[PDB]
Structures are given as structure tokens and as C-alpha cells.
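Here is the structure we will look at, set down as C-alpha cells.
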Amino acid sequence: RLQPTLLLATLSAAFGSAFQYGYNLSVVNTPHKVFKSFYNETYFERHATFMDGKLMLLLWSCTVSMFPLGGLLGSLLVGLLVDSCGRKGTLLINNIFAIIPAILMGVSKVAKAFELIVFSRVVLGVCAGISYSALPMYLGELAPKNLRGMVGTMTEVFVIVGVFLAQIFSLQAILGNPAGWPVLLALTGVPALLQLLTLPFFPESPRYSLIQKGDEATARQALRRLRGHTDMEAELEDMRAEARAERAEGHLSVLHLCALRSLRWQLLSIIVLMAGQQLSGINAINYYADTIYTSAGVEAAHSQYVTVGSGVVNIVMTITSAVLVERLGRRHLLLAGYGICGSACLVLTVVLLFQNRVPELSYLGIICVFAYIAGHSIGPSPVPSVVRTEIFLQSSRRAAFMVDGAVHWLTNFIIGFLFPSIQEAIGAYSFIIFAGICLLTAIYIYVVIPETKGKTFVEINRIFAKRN
Ligand SMILES: CC(=O)N[C@@H]1[C@@H](O)[C@H](O)[C@@H](CO)O[C@H]1O
């Protein structure tokens, strides 16, 4: 982001959209006991008696796992909205599904009903899915080729920002109070309101207007504002060319995924990229981090502070990945991140197997956990978000993003509700599976995905064609 209008527009779009995804993704795991207690007190008030712990477990599983389900529905909904309202109107309508549930969760304690907390989780999941499938389109189409990587990475940058802010605000001292959780839950609507107030002042993505709506005039002004001075003649010609080529060849339409043979490899590439992000071990590092820090000598009274430090490392590594996308490229970052993740998983399996015999291995274990956090943050987290939009053309982007988001959310939910059993069924060799999965994903990325840095979309489509 060089021009100030583009930087402000990117900040306003990402802060109100990706922050919802991150915050509602990780705001509930830490203060679980408080919500347990509130549910049980509401049930006591309503029925004048306690209820079974099985109903506690079922209700908690529902309210903690409806967010992936809401995200999956939302991902398959961005379709009906993205090409109907542009990235702009889609992001603006996405704010309703983040403002209404925020108010519902805010007035929930006085209303004395947990349902509003269970239904608002589904609504916020829908909002998060729509945001995750719409914000990358807006950021990629807004930015020029020279600065496309940083603006595209801003999506995951602000996702991690929201995750870190939610981790900070979810501590017992800050807002995890039995009388402070309504504010914690309702804080997710403030960025939504700010984006609703700020974003309309910024221009719609020029590519959608010219290539899809046909209004070159509007595109010109938006570009003038976003691109500033300089020149736009060439940029406009690119859009016109990409429009002419797309019209001549055709576009993806969901119902004909296999019919369009040209983008089959690209669809496979994006599907493989998103699954390798979710099924590549981050769940295990999370489940095993507490045990690793406990064995490291850290008392249980700081296993949190260590989680906050891990979040800080995640933030720093994501920002440095945003900086280095336009310098080292995308393929290099993907390969480096997946290799670091695989090596960390391997050495973590080694230390977990040999933790009891040699207590001195705990330092290597915590180093490996932090190394995995950093490596997954740099390569596999934001670069797929940047690449999912670079490969595909304009009109095919809706179908491509529908498939990509559906796969991402489905893999997220599936792996989330399996590792528990796997952890038990297998032991620590779970990490070898993941470090296998990471190795396979890195091999596929090296073999198939080419370099798309500093290249317009017509070129990148040409490159993929030659691949096969
Ligand atoms: C439902 C459940 O998990 N058990 C709770 C438990 O917190 C405690 O025995 C008591 C506190 O008031 O209320 C029970 O219903």
C-alpha cells in the first residue's frame, strides 16, 4: 500500500471483516468455565433444578462447533452475494450478520437465555465465512500487481490481529469475569460498526466494475482515487484484455467445474492449498502446547502468558510474511513454511517420545512448538489467501472461492472433531502423520504451483495452461 487512499481502504475493509473471523474463531476456548456456569445458572432459574452433565457437554459442543458450520454455509453463500453486489456491497451486507448477533450476545445475560448465544454463533459463523470468501477478492482486485501481495496478505494479517486481540481480551483478569463475558462477546460488533461507518467512503474494486458491470467510467475514477496520479492507461488495458480473454474463453459456473478443462489444475491447486493449511498440524500444536510448557518447567499459572507470547510471535511472523511476499515470492514462502512445519513436527515427535527419559529435551520441545507456530504463520497461513485469488480470472473467481472456502471450512471442522480420538488412539505419532501431510503438501506445491509474483492475471493463467 503506497497511496494513502488505498492504504486506508485496505485497513477499513480488513479491520471490520477479517477481525470478525479471527475473534469469533478464538474467543470461546479460553473462558469456557464462565459460559458453563452461566448456562447452568440460566437453567437453574428456568427449571428450579440442575441438569445433567451430558446436556452441559452437548450444549457446549454445539455452541463451540456451530462456528465452523456457520462458516461453511457462509462460504457457499458468498456466491449468491459477491457477483450480485460487488465485493463492496458484499462486505457491507456482511456487516449485518456481525452487528445483529453482537447485539444479541450483548443483551443475553439480562434476557436470561443462552440460546441467543448459541444462535448468534451460527450467525457469526455465516458472517465469518462470507468475510473470508469476500475480503480477499476485494483486496486483490483493489491493489495493483506491484503491491498485490501485501494487500492480499492483509487479510490474514488482520485475522491474526483479531485472534491475538481476542486472546488478550479473553483472559480472566481482562474480560473473562462472570459479569464481564457479555462485553467480551459483544466487542466483536465494534469493528463491524466502524467498517459500516467508514468503508462506503472508499471506491469499489475497479476490476469488478469494468470487467463485470461494464462501466469503464466508474473504474476510471476509482483507479484515479486508488492509484493516485501516475498512469492508468495500461492498467485499464489489462482489465479490458482480461475481460476480452475471459469473454472469448469462458468462465467457471459451478455447474460446469469439469467442463472447463483449462482451470482444472488451478482448482486442484487451491483445494490442496487450503487443506494443507488446516490438516497440517496446527490443531496438535494447540493440544500439546500446554503439556509441552508444563514439562518445560513453566507453572500452570503461566501456560497462558506463553500462549499470548505465541500469539505475538504469530503476529510478527505474519507481518514479516506480508513484507516478504513481494520480495522472496509466494512459492518460496510456501515451501519454507511447509518445510519448517514438517521439521518442527518431526523433532516434536522425537522429543515427545523421549520426553520422560531426558527432561533436558523440554527446551527443544518448546523451541519446536514456537518454530511450528512461526513457520505455519509465515508460509502456509497467508500465502494461500494471496494465491487463491491470483490464479483465477474475474468471473471464475466466485466459483473458485466457493469451492476453496467450502473445502477450507469442511477440513477445519473435520480435523477439529477427530484429533481428540487420534491423540488417544495413536499417541504422539499423530505428529508424524501431520509432518507427512505437510511433506506431501510441500511436494505438491513444489511440483505444480508456479511463481505468480508481479504478474497480471492473464499471464498467470497462461503459465498454468502450459503446466499441462
Ligand atoms: C451441570 C453441571 O455441570 N454441574 C453443576 C456444577 O457446576 C455444580 O455441581 C453445581 C454448581 O451450582 O451445579 C451443577 O449443576
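In the C-alpha cells, chains take the letters A, B, ... in the order shown, each chain's residues start at 1, and ligands count up from 1 in the order shown.
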
Those of segment 129-319 of chain A in DSSP alpha helix (DSSP H), formatted as a PyMOL selection string: chain A and resi 129-142+148-169+181-186+190-198+206-207+216-226+233-249+264-278+282-295+303-319

Test item: residues lying within 7 Å of ligand 1 with only C-alpha atoms and all ligand atoms, as a list in words: residues 37, 40, 50, 51, 52, 53 and 56 of chain A

Could those residues be written to a file, using C-alpha atoms, as an mmCIF file, in the first residue's frame?
```cif
data_model
loop_
_atom_site.group_PDB
_atom_site.id
_atom_site.type_symbol
_atom_site.label_atom_id
_atom_site.label_comp_id
_atom_site.auth_asym_id
_atom_site.auth_seq_id
_atom_site.Cartn_x
_atom_site.Cartn_y
_atom_site.Cartn_z
ATOM 1 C CA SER A 37 -21.542 -21.542 34.829
ATOM 2 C CA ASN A 40 -26.125 -23.788 34.449
ATOM 3 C CA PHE A 50 -29.760 -28.645 37.907
ATOM 4 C CA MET A 51 -29.379 -30.557 34.654
ATOM 5 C CA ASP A 52 -27.243 -33.488 33.582
ATOM 6 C CA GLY A 53 -23.588 -33.026 32.700
ATOM 7 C CA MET A 56 -23.690 -29.493 29.511
#
```

Contacts between segment 376-399 of chain A and segment 263-360 of chain A, please, where a residue of segment 263-360 of chain A counts if it comes within 9 Å (with only C-alpha atoms); show its shortest atom pair and distance in Å to one decimal, rows by chain and ascending number, as JSON lines.
```
{"residue": "A:263", "atom": "CA", "partner": "A:392", "partner_atom": "CA", "distance": 7.7}
{"residue": "A:266", "atom": "CA", "partner": "A:391", "partner_atom": "CA", "distance": 6.7}
{"residue": "A:267", "atom": "CA", "partner": "A:392", "partner_atom": "CA", "distance": 8.8}
{"residue": "A:269", "atom": "CA", "partner": "A:388", "partner_atom": "CA", "distance": 8.7}
{"residue": "A:270", "atom": "CA", "partner": "A:388", "partner_atom": "CA", "distance": 5.9}
{"residue": "A:273", "atom": "CA", "partner": "A:384", "partner_atom": "CA", "distance": 6.0}
{"residue": "A:274", "atom": "CA", "partner": "A:384", "partner_atom": "CA", "distance": 6.7}
{"residue": "A:276", "atom": "CA", "partner": "A:380", "partner_atom": "CA", "distance": 7.6}
{"residue": "A:277", "atom": "CA", "partner": "A:380", "partner_atom": "CA", "distance": 5.7}
{"residue": "A:280", "atom": "CA", "partner": "A:376", "partner_atom": "CA", "distance": 8.8}
{"residue": "A:282", "atom": "CA", "partner": "A:376", "partner_atom": "CA", "distance": 7.8}
{"residue": "A:313", "atom": "CA", "partner": "A:377", "partner_atom": "CA", "distance": 8.7}
{"residue": "A:314", "atom": "CA", "partner": "A:377", "partner_atom": "CA", "distance": 5.7}
{"residue": "A:315", "atom": "CA", "partner": "A:377", "partner_atom": "CA", "distance": 8.0}
{"residue": "A:316", "atom": "CA", "partner": "A:377", "partner_atom": "CA", "distance": 8.9}
{"residue": "A:317", "atom": "CA", "partner": "A:378", "partner_atom": "CA", "distance": 5.5}
{"residue": "A:318", "atom": "CA", "partner": "A:378", "partner_atom": "CA", "distance": 5.3}
{"residue": "A:319", "atom": "CA", "partner": "A:378", "partner_atom": "CA", "distance": 8.3}
{"residue": "A:320", "atom": "CA", "partner": "A:378", "partner_atom": "CA", "distance": 7.4}
{"residue": "A:321", "atom": "CA", "partner": "A:378", "partner_atom": "CA", "distance": 5.1}
{"residue": "A:322", "atom": "CA", "partner": "A:382", "partner_atom": "CA", "distance": 7.9}
{"residue": "A:325", "atom": "CA", "partner": "A:383", "partner_atom": "CA", "distance": 7.9}
{"residue": "A:330", "atom": "CA", "partner": "A:383", "partner_atom": "CA", "distance": 6.3}
{"residue": "A:331", "atom": "CA", "partner": "A:383", "partner_atom": "CA", "distance": 8.5}
{"residue": "A:332", "atom": "CA", "partner": "A:379", "partner_atom": "CA", "distance": 8.4}
{"residue": "A:333", "atom": "CA", "partner": "A:379", "partner_atom": "CA", "distance": 4.8}
{"residue": "A:334", "atom": "CA", "partner": "A:379", "partner_atom": "CA", "distance": 4.4}
{"residue": "A:335", "atom": "CA", "partner": "A:379", "partner_atom": "CA", "distance": 7.1}
{"residue": "A:336", "atom": "CA", "partner": "A:379", "partner_atom": "CA", "distance": 6.4}
{"residue": "A:337", "atom": "CA", "partner": "A:379", "partner_atom": "CA", "distance": 3.9}
{"residue": "A:338", "atom": "CA", "partner": "A:380", "partner_atom": "CA", "distance": 6.5}
{"residue": "A:340", "atom": "CA", "partner": "A:376", "partner_atom": "CA", "distance": 7.7}
{"residue": "A:341", "atom": "CA", "partner": "A:376", "partner_atom": "CA", "distance": 6.1}
```

What would the file look like if the residues just selected were written as an mmCIF file, in the first residue's frame with N, CA and C atoms?
```cif
data_model
loop_
_atom_site.group_PDB
_atom_site.id
_atom_site.type_symbol
_atom_site.label_atom_id
_atom_site.label_comp_id
_atom_site.auth_asym_id
_atom_site.auth_seq_id
_atom_site.Cartn_x
_atom_site.Cartn_y
_atom_site.Cartn_z
ATOM 1 N N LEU A 263 -9.020 -24.622 -16.196
ATOM 2 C CA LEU A 263 -8.812 -24.260 -14.800
ATOM 3 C C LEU A 263 -8.859 -25.457 -13.857
ATOM 4 N N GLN A 266 -5.804 -25.481 -11.636
ATOM 5 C CA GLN A 266 -5.899 -24.386 -10.677
ATOM 6 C C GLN A 266 -6.863 -24.721 -9.544
ATOM 7 N N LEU A 267 -8.006 -25.327 -9.874
ATOM 8 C CA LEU A 267 -8.944 -25.749 -8.839
ATOM 9 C C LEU A 267 -8.306 -26.771 -7.909
ATOM 10 N N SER A 269 -5.151 -27.068 -7.315
ATOM 11 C CA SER A 269 -4.115 -26.380 -6.553
ATOM 12 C C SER A 269 -4.704 -25.637 -5.363
ATOM 13 N N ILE A 270 -5.815 -24.923 -5.567
ATOM 14 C CA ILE A 270 -6.401 -24.179 -4.452
ATOM 15 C C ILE A 270 -6.983 -25.135 -3.413
ATOM 16 N N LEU A 273 -4.070 -26.425 -1.484
ATOM 17 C CA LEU A 273 -3.529 -25.375 -0.626
ATOM 18 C C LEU A 273 -4.356 -25.222 0.643
ATOM 19 N N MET A 274 -5.675 -25.164 0.573
ATOM 20 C CA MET A 274 -6.459 -24.905 1.798
ATOM 21 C C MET A 274 -6.462 -26.064 2.781
ATOM 22 N N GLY A 276 -4.064 -28.265 3.181
ATOM 23 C CA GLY A 276 -2.761 -28.317 3.801
ATOM 24 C C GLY A 276 -2.554 -27.242 4.830
ATOM 25 N N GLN A 277 -3.479 -26.306 4.931
ATOM 26 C CA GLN A 277 -3.384 -25.262 5.927
ATOM 27 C C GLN A 277 -4.042 -25.741 7.175
ATOM 28 N N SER A 280 -2.649 -29.618 8.615
ATOM 29 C CA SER A 280 -1.200 -29.748 8.669
ATOM 30 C C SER A 280 -0.598 -29.643 10.050
ATOM 31 N N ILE A 282 -1.678 -27.722 13.041
ATOM 32 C CA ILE A 282 -1.878 -26.621 13.977
ATOM 33 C C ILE A 282 -2.777 -27.017 15.124
ATOM 34 N N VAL A 313 4.299 -13.943 18.536
ATOM 35 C CA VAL A 313 5.172 -14.499 17.502
ATOM 36 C C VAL A 313 4.396 -14.697 16.206
ATOM 37 N N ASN A 314 3.155 -15.175 16.312
ATOM 38 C CA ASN A 314 2.300 -15.332 15.140
ATOM 39 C C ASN A 314 2.083 -13.998 14.436
ATOM 40 N N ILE A 315 1.800 -12.946 15.205
ATOM 41 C CA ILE A 315 1.578 -11.622 14.626
ATOM 42 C C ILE A 315 2.825 -11.146 13.892
ATOM 43 N N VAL A 316 3.981 -11.249 14.551
ATOM 44 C CA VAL A 316 5.223 -10.756 13.961
ATOM 45 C C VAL A 316 5.550 -11.527 12.690
ATOM 46 N N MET A 317 5.386 -12.852 12.722
ATOM 47 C CA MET A 317 5.720 -13.664 11.560
ATOM 48 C C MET A 317 4.757 -13.409 10.408
ATOM 49 N N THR A 318 3.471 -13.199 10.700
ATOM 50 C CA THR A 318 2.527 -12.877 9.635
ATOM 51 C C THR A 318 2.853 -11.530 8.999
ATOM 52 N N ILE A 319 3.222 -10.539 9.816
ATOM 53 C CA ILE A 319 3.586 -9.236 9.262
ATOM 54 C C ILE A 319 4.848 -9.344 8.412
ATOM 55 N N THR A 320 5.840 -10.111 8.874
ATOM 56 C CA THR A 320 7.063 -10.253 8.088
ATOM 57 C C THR A 320 6.804 -11.048 6.811
ATOM 58 N N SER A 321 5.836 -11.969 6.842
ATOM 59 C CA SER A 321 5.434 -12.652 5.616
ATOM 60 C C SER A 321 4.777 -11.683 4.646
ATOM 61 N N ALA A 322 3.940 -10.781 5.161
ATOM 62 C CA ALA A 322 3.356 -9.749 4.310
ATOM 63 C C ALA A 322 4.441 -8.896 3.673
ATOM 64 N N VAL A 325 6.443 -11.196 0.975
ATOM 65 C CA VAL A 325 5.751 -11.805 -0.160
ATOM 66 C C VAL A 325 6.222 -11.184 -1.469
ATOM 67 N N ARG A 330 5.981 -16.011 -3.627
ATOM 68 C CA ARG A 330 4.969 -16.818 -2.955
ATOM 69 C C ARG A 330 5.376 -18.283 -2.836
ATOM 70 N N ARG A 331 5.936 -18.859 -3.904
ATOM 71 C CA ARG A 331 6.351 -20.258 -3.864
ATOM 72 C C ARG A 331 7.440 -20.482 -2.825
ATOM 73 N N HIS A 332 8.405 -19.563 -2.745
ATOM 74 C CA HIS A 332 9.472 -19.695 -1.761
ATOM 75 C C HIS A 332 8.914 -19.682 -0.347
ATOM 76 N N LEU A 333 7.977 -18.772 -0.069
ATOM 77 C CA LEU A 333 7.392 -18.698 1.266
ATOM 78 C C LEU A 333 6.592 -19.951 1.591
ATOM 79 N N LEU A 334 5.808 -20.451 0.632
ATOM 80 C CA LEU A 334 5.045 -21.672 0.873
ATOM 81 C C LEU A 334 5.969 -22.843 1.182
ATOM 82 N N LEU A 335 7.017 -23.017 0.371
ATOM 83 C CA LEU A 335 7.943 -24.124 0.588
ATOM 84 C C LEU A 335 8.664 -23.994 1.922
ATOM 85 N N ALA A 336 9.144 -22.792 2.249
ATOM 86 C CA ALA A 336 9.860 -22.597 3.505
ATOM 87 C C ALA A 336 8.952 -22.860 4.698
ATOM 88 N N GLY A 337 7.724 -22.340 4.656
ATOM 89 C CA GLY A 337 6.804 -22.560 5.755
ATOM 90 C C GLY A 337 6.460 -24.023 5.946
ATOM 91 N N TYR A 338 6.173 -24.731 4.850
ATOM 92 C CA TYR A 338 5.807 -26.137 4.986
ATOM 93 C C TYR A 338 6.997 -26.985 5.420
ATOM 94 N N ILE A 340 9.496 -25.911 7.360
ATOM 95 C CA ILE A 340 9.665 -25.629 8.782
ATOM 96 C C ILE A 340 8.620 -26.373 9.601
ATOM 97 N N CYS A 341 7.370 -26.394 9.126
ATOM 98 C CA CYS A 341 6.327 -27.128 9.834
ATOM 99 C C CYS A 341 6.643 -28.617 9.906
#
```

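Separating atom CA of residue 161 of chain A from atom CA of residue 405 of chain A is a distance of 20.6 Å.
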
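Near residue 351 of chain A, within 12 Å and counting only C-alpha atoms, sit residues 288, 292, 295, 296, 344, 345, 346, 347, 355, 356, 357, 358, 359, 360, 361, 362, 363, 364, 365, 366, 367, 368, 369, 428, 429 and 431 of chain A, not including residues fewer than 4 positions from it in the same chain.
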
Please produce a file of those selected residues containing N, CA and C atoms, as an mmCIF file, in the first residue's frame.
```
data_model
loop_
_atom_site.group_PDB
_atom_site.id
_atom_site.type_symbol
_atom_site.label_atom_id
_atom_site.label_comp_id
_atom_site.auth_asym_id
_atom_site.auth_seq_id
_atom_site.Cartn_x
_atom_site.Cartn_y
_atom_site.Cartn_z
ATOM 1 N N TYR A 288 -1.095 -29.943 22.324
ATOM 2 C CA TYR A 288 0.105 -30.376 23.029
ATOM 3 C C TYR A 288 0.916 -29.230 23.618
ATOM 4 N N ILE A 292 3.558 -29.366 26.731
ATOM 5 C CA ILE A 292 4.957 -29.046 26.460
ATOM 6 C C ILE A 292 5.461 -27.983 27.430
ATOM 7 N N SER A 295 5.819 -29.479 30.964
ATOM 8 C CA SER A 295 7.040 -30.266 31.087
ATOM 9 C C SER A 295 8.282 -29.388 31.012
ATOM 10 N N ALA A 296 8.165 -28.207 30.406
ATOM 11 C CA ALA A 296 9.296 -27.297 30.280
ATOM 12 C C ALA A 296 9.689 -26.649 31.598
ATOM 13 N N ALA A 344 9.580 -29.188 12.336
ATOM 14 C CA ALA A 344 9.119 -28.985 13.703
ATOM 15 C C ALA A 344 8.275 -30.156 14.176
ATOM 16 N N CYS A 345 7.388 -30.666 13.319
ATOM 17 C CA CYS A 345 6.585 -31.828 13.689
ATOM 18 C C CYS A 345 7.466 -33.042 13.956
ATOM 19 N N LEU A 346 8.479 -33.255 13.115
ATOM 20 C CA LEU A 346 9.363 -34.405 13.297
ATOM 21 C C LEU A 346 10.110 -34.322 14.624
ATOM 22 N N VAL A 347 10.755 -33.183 14.884
ATOM 23 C CA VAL A 347 11.529 -33.052 16.115
ATOM 24 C C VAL A 347 10.607 -33.043 17.330
ATOM 25 N N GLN A 355 10.610 -37.552 25.967
ATOM 26 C CA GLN A 355 10.498 -36.520 26.994
ATOM 27 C C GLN A 355 10.769 -37.079 28.384
ATOM 28 N N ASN A 356 10.219 -38.257 28.689
ATOM 29 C CA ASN A 356 10.333 -38.802 30.038
ATOM 30 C C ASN A 356 11.778 -39.131 30.394
ATOM 31 N N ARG A 357 12.517 -39.743 29.465
ATOM 32 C CA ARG A 357 13.871 -40.189 29.776
ATOM 33 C C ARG A 357 14.808 -39.011 30.016
ATOM 34 N N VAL A 358 14.755 -38.003 29.157
ATOM 35 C CA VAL A 358 15.642 -36.851 29.228
ATOM 36 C C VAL A 358 14.797 -35.604 29.452
ATOM 37 N N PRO A 359 14.727 -35.105 30.688
ATOM 38 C CA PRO A 359 13.993 -33.852 30.932
ATOM 39 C C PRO A 359 14.610 -32.644 30.249
ATOM 40 N N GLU A 360 15.881 -32.721 29.848
ATOM 41 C CA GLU A 360 16.533 -31.594 29.192
ATOM 42 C C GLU A 360 15.985 -31.333 27.794
ATOM 43 N N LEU A 361 15.179 -32.246 27.252
ATOM 44 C CA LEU A 361 14.611 -32.067 25.922
ATOM 45 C C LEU A 361 13.433 -31.101 25.903
ATOM 46 N N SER A 362 12.979 -30.630 27.066
ATOM 47 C CA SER A 362 11.829 -29.733 27.102
ATOM 48 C C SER A 362 12.125 -28.403 26.421
ATOM 49 N N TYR A 363 13.364 -27.918 26.523
ATOM 50 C CA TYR A 363 13.730 -26.687 25.830
ATOM 51 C C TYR A 363 13.634 -26.863 24.320
ATOM 52 N N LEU A 364 14.119 -27.995 23.807
ATOM 53 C CA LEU A 364 13.965 -28.281 22.386
ATOM 54 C C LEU A 364 12.494 -28.410 22.016
ATOM 55 N N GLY A 365 11.689 -28.992 22.906
ATOM 56 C CA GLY A 365 10.268 -29.132 22.620
ATOM 57 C C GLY A 365 9.560 -27.796 22.490
ATOM 58 N N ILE A 366 9.818 -26.882 23.427
ATOM 59 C CA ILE A 366 9.173 -25.573 23.361
ATOM 60 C C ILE A 366 9.709 -24.774 22.177
ATOM 61 N N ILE A 367 11.004 -24.918 21.874
ATOM 62 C CA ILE A 367 11.556 -24.284 20.681
ATOM 63 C C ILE A 367 10.854 -24.801 19.435
ATOM 64 N N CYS A 368 10.581 -26.106 19.386
ATOM 65 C CA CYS A 368 9.915 -26.689 18.226
ATOM 66 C C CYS A 368 8.474 -26.211 18.117
ATOM 67 N N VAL A 369 7.790 -26.072 19.253
ATOM 68 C CA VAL A 369 6.419 -25.566 19.229
ATOM 69 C C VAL A 369 6.391 -24.145 18.676
ATOM 70 N N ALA A 428 1.747 -39.928 20.297
ATOM 71 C CA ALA A 428 2.430 -38.782 19.718
ATOM 72 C C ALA A 428 2.736 -38.958 18.237
ATOM 73 N N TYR A 429 2.441 -40.116 17.682
ATOM 74 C CA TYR A 429 2.801 -40.332 16.307
ATOM 75 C C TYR A 429 1.801 -39.584 15.481
ATOM 76 N N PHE A 431 1.891 -36.586 15.268
ATOM 77 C CA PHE A 431 2.717 -35.573 14.638
ATOM 78 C C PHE A 431 3.411 -36.088 13.395
#
```
